[PDB]
Amino acid sequence: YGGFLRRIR
Amino acid sequence: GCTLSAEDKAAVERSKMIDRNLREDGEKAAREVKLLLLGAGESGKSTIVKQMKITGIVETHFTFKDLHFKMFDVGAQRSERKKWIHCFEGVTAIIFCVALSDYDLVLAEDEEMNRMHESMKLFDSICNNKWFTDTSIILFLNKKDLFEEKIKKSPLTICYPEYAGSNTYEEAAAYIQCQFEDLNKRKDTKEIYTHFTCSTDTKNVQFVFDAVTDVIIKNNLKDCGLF
Amino acid sequence: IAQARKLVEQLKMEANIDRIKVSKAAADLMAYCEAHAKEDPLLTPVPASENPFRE
Amino acid sequence: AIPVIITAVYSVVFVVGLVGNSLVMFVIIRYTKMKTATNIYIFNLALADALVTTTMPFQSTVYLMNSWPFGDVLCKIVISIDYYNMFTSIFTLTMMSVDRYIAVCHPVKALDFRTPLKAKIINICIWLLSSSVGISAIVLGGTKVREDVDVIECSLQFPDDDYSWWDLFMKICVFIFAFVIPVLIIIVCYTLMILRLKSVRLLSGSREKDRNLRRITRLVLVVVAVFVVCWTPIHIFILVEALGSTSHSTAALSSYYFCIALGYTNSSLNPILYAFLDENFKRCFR
Amino acid sequence: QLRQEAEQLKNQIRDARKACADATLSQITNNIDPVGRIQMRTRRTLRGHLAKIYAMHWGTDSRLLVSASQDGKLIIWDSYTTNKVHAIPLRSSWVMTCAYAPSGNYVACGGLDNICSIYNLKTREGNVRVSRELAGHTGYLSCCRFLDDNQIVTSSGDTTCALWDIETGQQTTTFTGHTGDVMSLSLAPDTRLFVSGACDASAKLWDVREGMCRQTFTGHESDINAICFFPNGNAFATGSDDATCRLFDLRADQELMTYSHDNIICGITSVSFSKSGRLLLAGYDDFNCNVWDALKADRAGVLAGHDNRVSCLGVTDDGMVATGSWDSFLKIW
Ligand SMILES: CC1(C)CC(=O)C2=C(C1)OC1=C(C(=O)CC(C)(C)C1)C2c1ccc(-c2cccc(Cl)c2)o1
Ligand SMILES: CC(C)CCC[C@@H](C)[C@H]1CC[C@H]2[C@@H]3CC=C4C[C@@H](O)CC[C@]4(C)[C@H]3CC[C@]12C
Ligand SMILES: CC(C)CCC[C@@H](C)[C@H]1CC[C@H]2[C@@H]3CC=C4C[C@@H](O)CC[C@]4(C)[C@H]3CC[C@]12C
């Protein structure tokens, strides 16, 4: 869980 | 499949219906608690049955707190206990009844054998039996009133010289209980629930229900794999 | 008392019996086994064609 | 370095979880027939854990390549698998806890509740309940290309007018229904079970039975501690980034992926805690 | 007073037995080839009992069989198709024996209830209902076998046997003389004599017509649990708790061969013969069955696959083997 959220990098 | 004829399919359907009935009956049966009622007739055993309820095996069914108990009395058998005692291997609990007032009474046989000693040896042979290694035993010490009224006249030392306490009721009763419990060789997996009879409504039944509840909790723990 | 007399009578009845040599008994026991040896499906495995308990 | 060790950790967790789940599923399918409720629960838990572990290599690839090179359909199905099987695994853990609590603290009702048929009904209800999040991830999940960065990212798409609000609400709902309710239920059920077992005459009768009670308490505490340690960091990190503050650093990214690795380590270790420690399972294996 | 007379009679009987033992079965059987290794598999697995099996009996048609379980079920199995023809509930779940009538019409059961229940299968109503109940024994019913559709012989734990009349409901003949609980019963092929083994480590041969014991066989050191007639009707095998089987002969009036092994210490629950009598099958308490050579006393085969004690063992009339164990499973080899 959390690997498919809209992250900024 | 299409290989089976018209009657073969009917036979298979009948077998399936029979299997459904069998599994329903097994589900109902496994939901009930079995109690093997042992002891001696002179000890007073029918009175306990009458209290709880209100030709080789007497089966008594009673419901208490949404739990069905089937109690099997095998006191009418006059044969060797070894050849049929294994039928009760999966019994939920054993109920062993002994009369405290019979500490000095002699057996009906010509031999001078103490009735209490015979009860103790029967309890020893039943508790230390390979079929009841993990079967809990509920000990009912009956006729406490008669024992209390009789202990003031006859000392307890007549049964065995080992007793050195006073002739009071409480100490003698505790000593008898500890002597009976010391016969339990397997103190690890088996627990003995000793209880003096109360002769009052919903007293013996409550004790049996508590012991059965503990046994059911242990069985559920084993089923879950936790124990 | 009466049980002893009954036991004595039973032993008298059993003693007055006709017995044969063990050799004849063994010979008859072997003869029966050898005579019906071909009719025993357990003694000799039956081919699956004639065996009703097919897989 | 860190990347190398991070992907090594991901690969180790993936291999361990996949092997353990496959072994448990194979043992349950053939060696030990699913006649009891606990076996059915263990089978469902192992299936959910294996399907969650299957998601890990895609996330490792996203971490390394910094982009999603697979198709849109593959991204949708992977996201749906991840969400659905996470919910299924958590709910199966919660229901195993409730089942054991009912078995101990309600022995009379356990005769009418621990039927394998009722276990199958409960499992079907769990999978249908997770089907809501699964269908949501199928419908809304997808892949979109960002032009100013020239990066294709796979995630849940919401309308852009209130994308932030929808994302925050979805994160809050998932956090609540996947951590707060299950952790509270597990804590309450296991605490009540231990308190009841403290009053059982059988367990306190002998030194060896006291040792058995201590072992049961240790196992329960290990299960609860493993679940909390594996799931709390990732949820806290996600909540902090969603509402607390927004930042992007290499150390933050590495810690985020390590938290995800711990979340997957939960499912990797579930077979060890629930299958390779049940006494009935040990007897069936031997 | 007369005890010395009884002792003298016993001495005369044993001297006569020793005189007739002019040879040995093992010496005479040295000319026959060994059977070999008997290998067979569980070609059928009957499931549907939720308690320990205590007895089973084949039908006369070599296809149907009856099994009794401790959960109060008499299940009639079609061995060919694994289907359940009938599942008779029992008023008493403590059943230790069951029987199948030679006509296929009736089924007997009994146990700790001290009653032999006879159920009719060919009722016009279509359901199996209780037809008769024989409550004449003061001990648990240990075995029962149908002489005919109207006569059944039972053995009880009160050291007696009884030949009954089903249509009347009262026993016509009482066989007494055992000093221990009668545990096993076997009818002769001609249904004129039978043999009973009890806990007194002795087997008695009884005559149906006359109603009195004719021969007594000793040799066992423990209780006899199983008994079975040889197919020719002249010998019979007994299984005991001494982990030994023994083959007695009626005409020779002495034991012939003892089947035992050094590593076998558990008792025998059931014994049976094959159609030719060459194989003696015996169920043991070590979860396994042993197929001995009835003439060479060799452990020709082993049947394993039961997780609990094998309780009952039957061989079909045509010779085409059912084992029931405390693991709630029947296995047909
Ligand atoms: C659509 C929906 C109503 C909702 C949903 O997301 C899931 C459902 C059905 O069914 C299950 C899911 C699983 O994760 C596993 C399973 C098959 C046991 C039950 C979920 C799911 C989505 C897509 C795949 C998939 C697609 C292709 C291949 C493989 Cl193995 C799985 O699965
Ligand atoms: C493991 C972390 C995450 C949470 C800690 C949980 C455990 C250690 C805590 C949480 C709630 C606690 C219980 C709360 C209340 C009581 C009642 C009191 O009369 C005896 C102790 C007892 C029964 C506590 C025992 C310890 C307990 C079960
Ligand atoms: C046993 C359980 C309760 C342990 C819980 C540990 C939690 C509280 C820890 C583990 C990892 C931690 C995170 C690690 C890194 C960062 C980045 C930093 O810039 C802000 C704090 C933040 C986001 C931390 C928040 C707290 C955190 C989530």
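Definitions and limits used
Residues numbered from 1 in each chain as written, not as in the entry; some residues may be left out. Chains lettered and ligands numbered in written order. Heavy atoms only, no water. Disulfide = S-S within 2.5 Å. Helix = DSSP H or I, 4+ residues; strand = E, 2+ residues; numbered from the N terminus. Contact = heavy atoms within 4.5 Å. Buried area = accessible area lost by both parts, 1.4 Å probe. Salt bridge = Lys/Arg side-chain N within 4 Å of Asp/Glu carboxyl O. Patch = residues over 30% accessible without salt bridge, like charges linked within 9 Å, V, L, I, M, F, W, Y side chains within 5 Å. Areas by Shrake-Rupley, 256 points an atom, 1.4 Å probe, with all protein chains shown as cover. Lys, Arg positive; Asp, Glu negative; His and termini not counted. Charge placed at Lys NZ, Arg CZ, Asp CG, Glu CD. Buried < 20%, exposed > 50% of the residue type's maximum accessible area, 1.4 Å probe, protein only. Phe/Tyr/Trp six-rings, centres within 6.5 Å; stacked < 30°, edge-to-face > 60°. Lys NZ or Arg CZ within 6 Å of the ring centre and 35° of its normal. Core = buried A, V, L, I, M, F, W, Y, C linked by side-chain atoms within 4.5 Å. UniProt positions renumbered as here; feature names shortened; annotations may be inferred.

Its PDB header attributes the entry to cryo-EM and lists the resolution as 2.9 Å.

All names here are of chain D. Across all of its chains, the model carries one disulfide over all chains by this definition. For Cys75, the disulfide goes to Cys154, at an S-S distance of 2.0 Å. In this structure, the disulfide formed by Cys75 and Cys154 twists by about 90 degrees around the S-S bond and is classed as right-handed. Here the residue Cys75 occupies a position in helix α4 (residues 72-105), and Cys154 occupies one in strand β2 (residues 151-156), the gap between them amounting to 79 residues.

So, on to the interface of chain B and chain D. Taken residue by residue, the interface counts 24 residues in chain B and 29 residues in chain D. Both faces combined, the contact of chain B with chain D buries some 2500 Å², and carbon together with sulfur accounts for 64% of it. Summed over the three residues of chain B that lose the most area to chain D, namely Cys224, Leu226 and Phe227 of chain B, the buried surface amounts to 28% of that side. The tally of links from chain B across to chain D stands at three salt bridges.

Where like charges cluster on the molecular surface, the positive patch consists of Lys33, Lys35 and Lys120 of chain D together with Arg47 of chain E. In this fold, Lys33 of chain D is placed in the loop between α1 (2-31) and α2 (37-53). Residue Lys33 of chain D is classed as exposed on the basis of its relative accessible area of 52%.

Attention shifts here to the packing of aromatic side chains. This model, assessed by the stated rule, comprises 44 aromatic pairs over all chains. Between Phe217 of chain E and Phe248 of chain E the ring centres are 5.4 Å apart and the planes differ by 50 degrees, which places this aromatic pair in the tilted class. Remark: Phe248 of chain E occurs in strand β20 (residues 245-249) and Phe217 of chain E occurs in strand β17 (residues 213-217); sequence separation between them is 31 residues. You'll find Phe217 of chain E and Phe248 of chain E in the same group, each marked buried. Put simply, the rings of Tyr10, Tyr63, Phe237, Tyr256 and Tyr257 of chain D pair up and form one aromatic cluster. Positioned over the ring face of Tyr256 of chain D is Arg7 of chain A, at 4.8 Å from the centre of the ring. In this structure, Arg47 of chain E packs its charged tip against the face of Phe329 of chain E, placed 4.8 Å from the ring centre.

What follows covers the nonpolar core. Counting 116 residues, the largest nonpolar core has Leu35, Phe69 and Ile95 of chain B together with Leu197 of chain D as its most contacted members. Broken down by element, this core gets its largest block of residues, 16 residues, from α4 of chain D. The residues touching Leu35 of chain B, leaving out its near neighbours within four places in the chain, are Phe62, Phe69, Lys70, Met71, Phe72, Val91, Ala93, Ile95, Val208 and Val212 of chain B. Counting residues in hydrophobic clusters, the runner-up holds 47 residues, among them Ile57, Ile137, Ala173 and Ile176 of chain B.

Attention now goes to the UniProt feature "disulfide bond" in chain D. Checking the UniProt disulfide annotation for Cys75 of chain D and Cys154 of chain D gives a sulfur-sulfur distance of 2.0 Å, short enough (under 2.5 Å) to count the bond as formed. Among the residues examined, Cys154 of chain D registers a relative accessible area of 9% and is labelled buried.

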